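> The structure under discussion is supplied below as structure tokens; questions concerning it will follow.
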Amino acid sequence: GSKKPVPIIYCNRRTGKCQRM
């Protein structure tokens, strides 16, 4: 592929757990 669209990242550094938003 060439480029990959990404969603928003939602990381709660605090409880060090991230996901997408």
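Please note that chains go A, B, ... in the order of the structure tokens, that every chain numbers its residues from 1, and that ligands are numbered from 1 in the order shown.
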Can you tell me which residues surround residue A:10 at a distance of at most 10 Å, considering only C-alpha atoms, apart from same-chain residues fewer than 5 positions away, and format the answer as a list in words?

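Near neighbours after the sequence-gap exclusion: residues 17, 18, 19, 20 and 21 of chain A.
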
> For the structure I just gave you, how does DSSP split chain A - specifically, which residues are strand (DSSP E or B)? Reply as a count of residues only.

8
